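Protein chains in written order, with the deposited numbering: chain J, 70 to 137; chain 7, 160 to 224, 228 to 261, 265 to 290, 297 to 438, 440 to 470, 514 to 726. Here a beta-carbon is modelled for each residue, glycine too, at the ideal position from N, C-alpha and C.
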RNA sequence: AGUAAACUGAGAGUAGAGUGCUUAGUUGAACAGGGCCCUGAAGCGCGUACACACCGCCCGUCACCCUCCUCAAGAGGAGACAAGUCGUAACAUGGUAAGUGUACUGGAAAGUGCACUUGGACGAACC
RNA sequence: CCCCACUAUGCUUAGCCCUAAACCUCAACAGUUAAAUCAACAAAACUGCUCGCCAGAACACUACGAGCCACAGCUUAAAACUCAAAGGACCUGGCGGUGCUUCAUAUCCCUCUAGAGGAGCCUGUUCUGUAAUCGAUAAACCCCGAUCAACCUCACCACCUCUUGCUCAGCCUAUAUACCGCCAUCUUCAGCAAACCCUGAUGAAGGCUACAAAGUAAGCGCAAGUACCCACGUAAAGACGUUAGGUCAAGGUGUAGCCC
RNA sequence: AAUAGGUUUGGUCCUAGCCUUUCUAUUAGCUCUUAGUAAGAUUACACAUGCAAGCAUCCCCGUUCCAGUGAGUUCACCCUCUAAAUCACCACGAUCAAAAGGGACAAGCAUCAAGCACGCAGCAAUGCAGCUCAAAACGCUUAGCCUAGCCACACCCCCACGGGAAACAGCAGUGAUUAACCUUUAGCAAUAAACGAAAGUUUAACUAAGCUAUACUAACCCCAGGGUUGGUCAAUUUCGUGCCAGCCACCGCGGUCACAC
Ligand SMILES: Nc1nc2c(ncn2[C@@H]2O[C@H](COP(=O)(O)OP(=O)(O)OP(=O)(O)O)[C@@H](O)[C@H]2O)c(=O)[nH]1
Ligand SMILES: [Mg+2]
Ligand SMILES: [Mg+2]
Ligand SMILES: [Mg+2]
Ligand SMILES: [Mg+2]
Ligand SMILES: [Mg+2]
Ligand SMILES: [Mg+2]
Ligand SMILES: [Mg+2]
Ligand SMILES: [Mg+2]
Ligand SMILES: [Mg+2]
Ligand SMILES: [Mg+2]
Ligand SMILES: [Mg+2]
Ligand SMILES: [Mg+2]
Ligand SMILES: [Mg+2]
Ligand SMILES: [Mg+2]
Ligand SMILES: [Mg+2]
Ligand SMILES: [Mg+2]
Ligand SMILES: [Mg+2]
Ligand SMILES: [Mg+2]
Ligand SMILES: [Mg+2]
Ligand SMILES: [Mg+2]
Ligand SMILES: [Mg+2]
Ligand SMILES: [Mg+2]
Ligand SMILES: [Mg+2]
Ligand SMILES: [Mg+2]
Ligand SMILES: [Mg+2]
Ligand SMILES: [Mg+2]
Ligand SMILES: [Mg+2]
Ligand SMILES: [Mg+2]
Ligand SMILES: [Mg+2]
Ligand SMILES: [Mg+2]
């Protein structure tokens with residue numbers, strides 16, 4: 070993230086149904102997303118990540134819920 | 160979470176039990192006459208009308224001799243699960259042997278696993300077959316075994332009547348009875364997507380009577396039965412136990428071999445939801461482990520698969536999973552599905568630079584044009600081994616060329632000279648060619664008492680103050696290397712060689 | 001100013017231990033006049049893009065990654081990321097006042113010529 | 001940047017180019033000073049009418065399109081990606097290789113005296129070394145904690161030994177960037193501030209002129225008194241705060257940590 | 001945008017953007033007891049199957065309607081003229097309403113500024129050289145609209161002789177596609193339409209049902225989940241974490257005492 074925040078935000082590049090490649094943040098602690106997996110991505114920018122304006126919807130398609 | 164799962168009913172009461180037809184599955188090796196025997200029983204010919212004369216699907220047919231449900235399992239090694247599914251659902255197994266092979270042994274093992282009676286059919290007629304089967308725990312009545320052996324000739328239609336008589340006798344001995352009333356219990360034999368009838372499942376009813384409008388659940392899927400048809404496509408108003416049926420109306424496509432249970436009403441969904449949740453939990457546990465394992469720390516062929524039926528897709532995926540040449544080339548399965556090649560498959564292949572493989576599925580002109588525009592390669596096959604060969608060819612294409620080194624000549628150094636040319640001291644090795652010849656174009660390597668010192672091409676080949684391209688055997692030649700760091704001794708050796716690129720074939724074997 | 005300098009003695013602490021520290025005494029000077037040029041202080045102002053406050057802020061060139069745009073896919077541009085490197089261009093009269101147009105020149109901020117602006121000052125009776 | 005020489009150029013004629021902080025950054029015309037004058041600064045506040053222009057910053061006096069005698073040009077002029085700001089004017093403070101004036105009294109300069117930096121030694125520190133402490137470490141550390149280490153001191157290292165242990169345990173273990181306690185420093189200053197009151201249109205803020213014009217001020221500090229030989233000098237004193245200044249190793253103590 | 005609120009800065013004032021608070025709709029996550037009513041593919045992409053137009057003494061009439069979709073798009077409204085249709089038959093007319101004529105009629109772009117024959121006179125021959133336009137002509141892109149309903153389309157070639165080719169934008173349903181996903185129900189009993197002189201017949205119009213928390217209404221002896229808790233903005237105890245994991249609509253939090261994970 071940009072200053073003054075510091076972290077390793079879990080992001081993934083995905084090709085959308087519109088044919089456009091975009092970077093989507095993966096919220097929640099821990100994820101098992103892999104190549105060729107299908108996700109549902111919604112809006113809502115990640116504030117500390119420049120250029121990231123999408124977010125993976127946890128609990129839909131291959132992206133499971135956050136494991137307690 | 161509360162358990163809302165729909166479970167199989169307890170074993171039917173003896174009073175409620177009613178005699179039913181038998182389910183007989185024909186199993187055996189490739190080209191052992193299973194399809195021909197089934198054609199003779201069915202009074203119709205379909206072995207001739209096939210792609211390559213190979214049974215690639217498990218089909219159930221209600222034959223009227228009495229009535230029996232014959233299941234034609236494929237004999238190929240690819241569709242092992244298919245055969246297993248038949249063994250799981252059958253009551254009697256007709257093991258067809260041409261006058265014992267690997268797939269026959271596998272089918273025998275499946276029948277033993279399922280604890281089902283076996284009737285041997287010696288097609289193309297025998298004693299040698301029974302003696303061999305003695306090793307595989309298939310003992311004939313001539314050898315004191317329960318298994319009945321019938322020599323038959325399917326092509327000429329000989330002795331088939333006695334085979335049917337033995338099947339009927341074994342069915343009568345088994346006394347197959349089931350409850351023809353109450354909630355329906357059955358098993359999926361196949362599932363596919365018809366462009367007109369939606370998601371369709373070929374199933375076999377095990378208990379209860381299925382009727383239009385019955386709400387069924389199978390795995391993560393559920394349906395409100397919309398059309399029940401037979402093999403000929405005609406609608407049937409009821410589906411008694413031990414009756415094949417094509418059921419339409421599935422909201423999602425069930426996996427082959429999944430049990431089907433009838434429920435009270437659609438708000440079924442809950443049951444499906446519960447099952448989904450269970451699966452998620454299982455995956456979640458695995459996910460948790462993997463995630464924890466991470467948190468404590470802190514030549515790529517991509518293939519799309521589109522098949523006509525889920526069973527064929529499963530067989531192809533099992534074949535793919537038997538890939539063991541990941542070191543030379545990595546085979547990634549981007550996406551597998553059921554049905555004709557579609558826009559999503561083309562987009563996925565384009566995204567990952569993959570290749571679409573279509574087993575018994577089509578691709579319209581629009582789809583083909585889109586794939587050509589996007590550089591996607593669609594490969595449609597109708598035979599499983601053809602698809603396997605094509606996949607092997609693609610994998611070999613992905614493999615890098617293999618360089619073959621052929622020795623051309625050999626020369627031994629005699630003297631070392633220092634020539635002053637262009638203000639530069641060039642070390643020159645006086646070499647005598649012992650065997651073969653040395654060529655300027657061909658590469659060279661330096662050998663020091665068996666050790667390999669240098670590998671490359673000469674910067675200058677010169678003999679008797681004249682440049683000669685090829686020096687014959689016994690000809691002296693001064694050799695100069697491009698590498699100045701190389702030291703030339705009195706006893707060094709030089710081996711010339713020609714390097715030719717050769718096509719490399721994949722080490723993976725489908726068997 | 002009994003100050004600097006030189007000489008002598010005593011005490012603290014130690015069983016003993018300092019060329020050290022504290023302290024008493026003795027002999028005992030020179031310059032002390034000019035200056036706001038240097039460095040600071042005060043009074044009245046002036047300027048300020050700094051405010052953990054000039055050890056501030058800040059500009060441009062020379063690598064990687066990311067997004068977008070214009071493109072004969074090689075490339076250019078913008079923004080973000082923000083490093084390291086070369087200078088210190090701007091903010092105080094920023095140490096050559098700053099800037100506009102334009103022309104030429106330069107590793108880079110930028111320099112210079114010409115005209116213009118105050119979004120600078122000229123200390124605000126005489127001296 | 002400073003000095004020297006010279007060219008394009010500045011001049012004339014004939015065409016072009018058509019840009020300026022082309023700004024008096026304040027449109028033309030007609031009218032008012034009435035009040036409800038008026039964010040701030042600037043060059044007071046306005047009214048009627050009309051035209052031109054403006055609509056977050058940056059991209060951007062840019063790209064593309066178009067027009068032009070212009071061909072590295074001028075005019076018109078976007079969009080995408082990005083940010084929660086950008087901006088205008090102020091208040092207070094700091095700072096200025098900032099102006100004027102007055103000073104510095106061991107003192108800023110020229111000056112006066114004795115030294116240090118050169119030598120040997122004593123002693124401290126850095127660096128190297130060792131199995132072998134720690135802390136201070138610009139002014140405001142460096143014969144410093146020590147008015148003091150051969151054993152002890154000692155908290156260091158190596159080996160050996162003990163486990164309710166001198167203690168109703170213990171720890172010189174971490175944190176002085178949690179502190180008390182004692183201090184350095186500006187200070188070789190003179191200001192800090194309760195409670196009120198007034199000005200700023202009731203903004204941050206500010207509050208003095210003695211022929212006085214909004215300040216009054218308890219209290220702390222300076223000063224006065226006091227110690228030594230005076231009233232002089234030297235001591236002592238020296239506030240609020242500054243440097244997250246020094247000390248967890250004077251002792252105590254928060255938090256965290258070890259308990260064969 | 002309002003009764004407004006947070007947010008520029010060391011601080012204040014002004015301008016300004018962004019966001020919050022409110023009300024809907026769609027989708028997604030988690031969750032969900034019942035009843036009534038209303039509403040209900042993302043797609044002018046392709047469609048399996050079943051039905052959706054008959055009636056009637058033969059001729060005729062209807063199948064040009066209803067039903068559907070929103071691709072295209074200033075054919076919708078007012079006036080003049082007057083076709084077809086109803087009033088059995090003329091109505092020497094009324095109602096209704098085509099074509100034709102006049103007028104009015106969406107949004108963005110001027111970096112779309114010129115269009116290039118877009119006019120007039122004459123009976124005609126032919127003559128004049130004009131006509132529209134910065135008060136937006138011409139052009140490009142977007143869009144069903146002004147909702148008792150109206151306009152347009154009916155697989156495409158605007159049309160449909162013809163060609164491409166064999167058509168669900170009728171109902172139920174399906175494939176593909178999308179974040180988007182209603183039953184392959186019944187009856188003509190009510191109304192409407194078609195036919196008949198009529199008893200009547202037919203109708204996937206419609207009626208009565210089916211599925212769905214999309215909405216509203218109402219209830220339940222038992223049956224409640226979702227989000228949030230630093231400020232705006234109602235509401236946190238203790239542990240773990242230690243600028244990491246993570247959170248945030250904006251300001252921002254997290255570096256060993258976290259009201260923000
Ligand atoms: N000589 C002989 N040949 C026979 C007889 N029955 C069948 N065949 C032949 O054997 C072949 C059997 O192969 P298939 O018809 O494909 O039957 P299958 O054993 O199920 O083979 P798969 O479908 O590939 O598993 C047929 O092509 C016949 O021509 C027989 O009774 N005698
Ligand atoms: Mg066969
Ligand atoms: Mg400078
Ligand atoms: Mg300057
Ligand atoms: Mg200049
Ligand atoms: Mg120059
Ligand atoms: Mg000069
Ligand atoms: Mg002159
Ligand atoms: Mg001028
Ligand atoms: Mg310009
Ligand atoms: Mg330009
Ligand atoms: Mg251009
Ligand atoms: Mg010395
Ligand atoms: Mg030391
Ligand atoms: Mg230290
Ligand atoms: Mg010692
Ligand atoms: Mg210790
Ligand atoms: Mg401190
Ligand atoms: Mg003192
Ligand atoms: Mg005093
Ligand atoms: Mg400190
Ligand atoms: Mg320290
Ligand atoms: Mg549409
Ligand atoms: Mg343009
Ligand atoms: Mg449209
Ligand atoms: Mg169609
Ligand atoms: Mg048409
Ligand atoms: Mg339909
Ligand atoms: Mg579908
Ligand atoms: Mg919906
Ligand atoms: Mg009638």
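Give the DSSP-derived three-state secondary structure of residue i in the structure shown.
i: residue 344 (chain 7); result: helix
i: residue 301 (chain 7); result: helix
i: residue 567 (chain 7); result: helix
i: residue 712 (chain 7); result: strand
i: residue 378 (chain 7); result: strand
i: residue 419 (chain 7); result: strand
i: residue 413 (chain 7); result: coil
In angstroms with no decimal places, state the Cα-to-Cα distance between residue i and residue j.
i: residue 632 (chain 7); j: residue 644 (chain 7); result: 6 angstroms
i: residue 640 (chain 7); j: residue 634 (chain 7); result: 6 angstroms
i: residue 713 (chain 7); j: residue 257 (chain 7); result: 57 angstroms
i: residue 693 (chain 7); j: residue 670 (chain 7); result: 17 angstroms
i: residue 430 (chain 7); j: residue 357 (chain 7); result: 6 angstroms
i: residue 565 (chain 7); j: residue 104 (chain J); result: 14 angstroms
i: residue 244 (chain 7); j: residue 278 (chain 7); result: 14 angstroms
i: residue 248 (chain 7); j: residue 240 (chain 7); result: 15 angstroms
i: residue 452 (chain 7); j: residue 81 (chain J); result: 22 angstroms
On the premise that residue j lies in contact with residue i, defined as a C-beta separation below 8 angstroms, what is that separation, rounded to the nearest angstrom?
i: residue 462 (chain 7); j: residue 101 (chain J); result: 6 angstroms
i: residue 388 (chain 7); j: residue 444 (chain 7); result: 6 angstroms
i: residue 625 (chain 7); j: residue 708 (chain 7); result: 7 angstroms
i: residue 351 (chain 7); j: residue 379 (chain 7); result: 7 angstroms
i: residue 191 (chain 7); j: residue 281 (chain 7); result: Between residue 281 (chain 7) and residue 191 (chain 7) the Cβ distance is about 19 angstroms, and since that is not below 8 angstroms, they are no contact.
i: residue 460 (chain 7); j: residue 136 (chain J); result: 4 angstroms
Need the endpoints of the beta strand (DSSP E) that residue i sits in, please.
i: residue 535 (chain 7); result: That residue, residue 535 (chain 7), is in no beta strand (DSSP E); its alpha helix (DSSP H) goes 525–536.
i: residue 399 (chain 7); result: 392–400
i: residue 669 (chain 7); result: 666–671
i: residue 245 (chain 7); result: Note, residue 245 (chain 7): premise wrong, no beta strand (DSSP E); alpha helix (DSSP H) at 242–251.
i: residue 270 (chain 7); result: Looking at the DSSP string, residue 270 (chain 7) is not in any beta strand (DSSP E); the run it does join, the alpha helix (DSSP H), is 267–279.
Can you tell me where the alpha helix (DSSP H) holding residue i begins and where it ends?
i: residue 456 (chain 7); result: 441–469
i: residue 365 (chain 7); result: Careful: residue 365 (chain 7) lies outside any alpha helix (DSSP H), inside the beta strand (DSSP E) at 356–365.
i: residue 652 (chain 7); result: Note, residue 652 (chain 7): premise wrong, no alpha helix (DSSP H); not H, not E.
i: residue 691 (chain 7); result: Element bounds for residue 691 (chain 7): not the alpha helix (DSSP H) but the beta strand (DSSP E), 691–696.
i: residue 610 (chain 7); result: 599–613
Contact set between the stretch 366–381 of chain 7 and chain J, restricted to residues whose Cβ is under 9 angstroms from the partner: So the list is empty, because no residue satisfies the distance condition.
According to a CB-to-CB cut-off of less than 9 angstroms, which residues of the stretch 87–102 of chain J neighbour chain 7? Hits within the stretch, in order: 88, 90, 98, 99, 100 and 101.
Cβ-based contacts, 9 angstroms cut-off: residues of the stretch 70–88 of chain J near chain 7: Hits within the stretch, in order: 77, 84, 86 and 88.
Taking any Cβ of chain J, which residues in the stretch 540–555 of chain 7 have a Cβ under 9 angstroms from it, in chain order? For the stretch 540–555 of chain 7, the beta-carbon criterion of a distance under 9 angstroms to any beta-carbon of chain J is satisfied by 547, 548, 549 and 550.
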